[PDB]
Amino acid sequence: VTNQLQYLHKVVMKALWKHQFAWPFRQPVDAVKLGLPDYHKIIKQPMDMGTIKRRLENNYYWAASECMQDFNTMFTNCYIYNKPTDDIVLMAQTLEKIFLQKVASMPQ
């Protein structure tokens, strides 16, 4: 495992997975349970922290930028699909600032 994927796993994933705002992102958006039959029509590449966490556990990624895109897609889906005033956008914004903070200090 590269230095960077190790960093994304041990520093970034560790910080975001246990955050108090993380629960809505720990598993794929359930459009039935959440009652949103337009979600999969708007968001065509769903993404979530469980998938990224699993992929980091199973050495699915070949480069750090690959794991970094997944994080970006997860956040960007939220800002694209949700109303500007939904609390989830603000939770997503808080997590993403931590993501960016951490990645500013990723090795190499």
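A residue's number is simply how far along the shown sequence it sits, counting from 1.
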Inset, instruction - With reference to the PDB entry, specify whether the mean Cα temperature factor is higher for 97-105 or for 2-10. - result: 2-10
Inset, instruction - Determine, for stretches 78-86 and 59-67, which one has the higher mean CA B-factor as deposited. - result: 59-67
Legend entry - CA B-factor ranking of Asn72, expressed as a third of its chain: middle
Legend entry - Where the record places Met47 (Cα B-factor, split into thirds across the chain): lowest
Legend entry - Modelled-residue ranking by C-alpha temperature factor, third containing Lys41: lowest
